[PDB]
């Protein structure tokens, strides 16, 4: 009853495609992200820039303090999508059991695949080669019997490598595995678990499920299962998008509704075009708005509504702006829809 899962993850994705496309970027530190005047964060960085401490999600101000020669790119989304499509077309050559998690990443279930004497190890290696040939980009991969461990596997010899975990290896692997490396356990959760004296999967194995259920709910069952190596989640292939949103962060906090309103007018065309792309009639389940203040509270107002409408989005943004700003500057405005179900 053992499956074979591969997680494939491109290396330094956005930056890899920039450096391929312009090689003077290879050995100098670069990153894709908004400028510090635009109040941006880093989307990603290349290895020369990570060496200085630059990471995804870091404020751009902080990146340039740390790495003052940082060349900042705005990023070219069609180029990244062109590459993404090609790599999924490549995965398709080996199986149809494909679950993408982003542009750069996917799970494959190759249990019932006959491509390299049924070797998951060899299949992954053949996919990383071939991606390298063809795209001149490099990928890493993790091979394992369940999703989470393939994904964790894939970070252990990156860049441009891969790592396998056999069922026989799983237990020693879990013993000292930090809970924080499990997907879905982030900062807030890791620190709650540390406070109870739980750092690794090992520690959690010595724990009562019933208590994990009391302290954390469905998530506590997931921890318990994941600590044991249990992950019965199946590679899907049928996932579909459920919402589309658009939001922008102004270089300067804004203080008057005239300014907010001017911001929405710019937002709405972008949201209408993105939504037309997958729903030409513009029919939806709900639409709504979002503001984020000065001090990072953030509220949303969203309701049932049958078709994208600009003025209603302006109405609500007005109410929301009257009723829950209280004199704080606003750093971002956003719009949003929830897509019909089937």
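Residue numbers count along the first chain shown, from 1.
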Pick between 144 to 152 and 76 to 84: the one whose mean CA B-factor in the entry is higher. 76 to 84
Averaging only over Cα atoms, indicate whether 248 to 256 or 95 to 103 has the higher B-factor in the PDB entry. 248 to 256
Highest recorded C-alpha temperature factor, please, choosing from 138, 243, 162, 176. 176
Residue 316: C-alpha B-factor third of its chain, per the entry, is the middle
Based on the entry's values, in what third of the chain does the Cα temperature factor of residue 4 lie: lowest, middle or highest? middle
Among the modelled residues of its chain, the C-alpha B-factor of residue 296 falls in the third labelled highest
If you rank the chain by CA B-factor, which third does residue 337 end up in: lowest, middle or highest? lowest
Report the third (lowest, middle or highest) to which the CA temperature factor of residue 60 belongs, ranking only the modelled residues of the same chain. middle
